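Each remark here refers to the structure printed beneath this line.
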């Protein structure tokens with residue numbers, strides 16, 4: 000469905016997604032300052048995971064977070080489309 | 533011997549996924565190669581074949597041992613001819629998520645692939661068969677499918693259409709059975 004976010008701290012969030020593909024090698028998480036020349040940061044979680052922790056965020060700053068499913072049928076390229084949201088911590 | 537499968541076009545990821553879940557004795561997936569170091573949760577021989585010598589994978593690539601390979605994040609990744617052949621020789625259709633360019637490479641390896649293109653009838657049709665995307669995304673998928681058909685029609689074993697994903701999937705299943713003799 001959608002990408003869910005919960006703020007764990009002004010520097011850290013917990014993002015969650017709905018397992019739609021059954022045969023996923025891993026999910027790829029990328030996050031970066033919403034509108035920013037700075038390259039994106041990224042990591043992975045096993046295809047069994049539907050949640051991930053992102054910390055080290057600048058508080059109050061808008062970040063673009065996207066999650067890519069990499070299926071077992073693929074060597075690296077992800078399934079399309081990825082799911083994404085824009086989020087800033089603090090409220 | 534089971535012919536490996538490449539499904540391309542809108543909803544191909546859902547088709548790949550449901551084929552394996554619904555007929556796990558007739559379909560399988562192969563284990564790709566990478567030169568990136570293994571992650572703690574990964575298992576050699578299951579997630580990837582973790583190649584120690586980048587130079588070794590490079591020779592294999594130049595020797596045409598991979599039906600598809602590239603560099604991503606300074607590491608090499610490929611789907612190998614042998615890995616596909618190993619699945620097919622178990623009598624399982626190897627479900628592949630690869631570029632259309634790989635179809636030729638499979639034919640050169642005498643692997644006799646089945647390639648099926650899902651053709652959207654229109655932009656509206658994209659939204660009929662994929663009810664999980666925006667109209668903005670549907671037009672991207674429509675544009676890409678158009679360009680896919682224009683470049684790779686000769687590689688397709690079949691082109692299938694439908695007013696719903698159920699109709700697409702029914703045709704995909706029937707085509708694979710027919711081509712499986």
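Residue numbers (the deposited numbering), protein chains in the order written: chain B, 0 to 90; chain A, 533 to 713. We put the CB at the ideal spot given by N, CA and C, even for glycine.
Distance, residue j Cα to residue i Cα
i             : j             : result
residue 81/B  : residue 65/B  : 7 Å
residue 596/A : residue 665/A : 37 Å
residue 31/B  : residue 592/A : 36 Å
residue 585/A : residue 669/A : 40 Å
residue 33/B  : residue 86/B  : 9 Å
residue 89/B  : residue 63/B  : 15 Å
residue 536/A : residue 589/A : 23 Å
residue 686/A : residue 632/A : 11 Å
residue 566/A : residue 661/A : 34 Å
residue 55/B  : residue 42/B  : 13 Å
residue 693/A : residue 619/A : 29 Å
residue 550/A : residue 559/A : 10 Å
residue 8/B   : residue 37/B  : 23 Å
residue 658/A : residue 695/A : 9 Å
residue 645/A : residue 700/A : 20 Å
residue 703/A : residue 78/B  : 22 Å
residue 606/A : residue 713/A : 42 Å
residue 667/A : residue 673/A : 10 Å
residue 652/A : residue 10/B  : 44 Å
residue 48/B  : residue 621/A : 32 Å
residue 568/A : residue 594/A : 19 Å
residue 587/A : residue 608/A : 10 Å
residue 5/B   : residue 544/A : 32 Å
residue 120/B : residue 711/A : Absent from the model: residue 120/B. The displayed extent of chain B is 0 to 90, so no value can be given.
residue 683/A : residue 18/B  : 33 Å
residue 628/A : residue 679/A : 20 Å
residue 598/A : residue 548/A : 21 Å
residue 604/A : residue 675/A : 25 Å
residue 577/A : residue 610/A : 14 Å
residue 561/A : residue 575/A : 16 Å
Test item: CB-CB of residue i and residue j under 8 Å
i             : j             : result
residue 625/A : residue 708/A : yes
residue 46/B  : residue 24/B  : yes
residue 649/A : residue 697/A : no
residue 2/B   : residue 84/B  : yes
residue 600/A : residue 635/A : no
residue 39/B  : residue 29/B  : yes
residue 552/A : residue 22/B  : yes
residue 647/A : residue 613/A : no
residue 582/A : residue 570/A : yes
residue 623/A : residue 534/A : yes
Of the residues the options, the one placed nearest residue i, counting alpha carbons only
i             : options                  : result
residue 656/A : 534/A, 633/A and 542/A   : 542/A
residue 75/B  : 575/A, 616/A and 563/A   : 563/A
residue 16/B  : 68/B, 72/B and 73/B      : 68/B
residue 72/B  : 602/A, 579/A and 621/A   : 579/A
residue 643/A : 616/A, 623/A and 570/A   : 616/A
residue 70/B  : 0/B, 12/B, 58/B and 44/B : 44/B
residue 0/B   : 663/A, 602/A and 573/A   : 663/A
Residue i: contacting residues in chain A (beta-carbon distance under 7 Å)
i             : result
residue 24/B  : 579
residue 80/B  : 665 and 669
residue 120/B : Outside the shown range of chain B (0 to 90) lies residue 120/B, about which nothing can therefore be said.
residue 58/B  : Under the 7 Å cutoff, chain A gives no residues; its nearest Cβ is about 29 Å from residue 58/B.
Sheet register partners of residue i (DSSP bridge)
i             : result
residue 11/B  : 8/B
residue 64/B  : 30/B and 84/B
residue 612/A : 598/A
residue 603/A : 608/A
residue 626/A : 560/A
residue 540/A : 649/A
residue 45/B  : 25/B
residue 40/B  : 30/B
Chain B residues whose Cβ lies nearer than 8 Å to that of residue i
i             : result
residue 549/A : 20, 21, 22 and 70
residue 698/A : Near residue 698/A there are no residues of chain B at all, since even the closest Cβ is about 17 Å away, more than 8 Å.
Where residue i meets chain B, residues with beta-carbon distance less than 7 Å
i             : result
residue 541/A : In chain order: nothing, as chain B lies at least about 11 Å away.
residue 564/A : 74
residue 675/A : Neighbours of residue 675/A on chain B: none; closest Cβ ~13 Å, over 7 Å.
Residue i: contacting residues in chain A (beta-carbon distance under 9 Å)
i            : result
residue 51/B : Under the 9 Å cutoff, chain A gives no residues; its nearest Cβ is about 13 Å from residue 51/B.
Under 8 Å by beta carbon: chain A residues contacting residue i
i            : result
residue 45/B : 573
Interface residues of chain B facing residue i [CB-CB closer than 9 Å]
i             : result
residue 606/A : Under the 9 Å cutoff, chain B gives no residues; its nearest Cβ is about 13 Å from residue 606/A.
Cβ-heavy atom distance, residue i to the ligand GDP, below 7 Å
i             : result
residue 682/A : Among the components of this structure there are no ligands whatsoever, and the ligand GDP is therefore not found.
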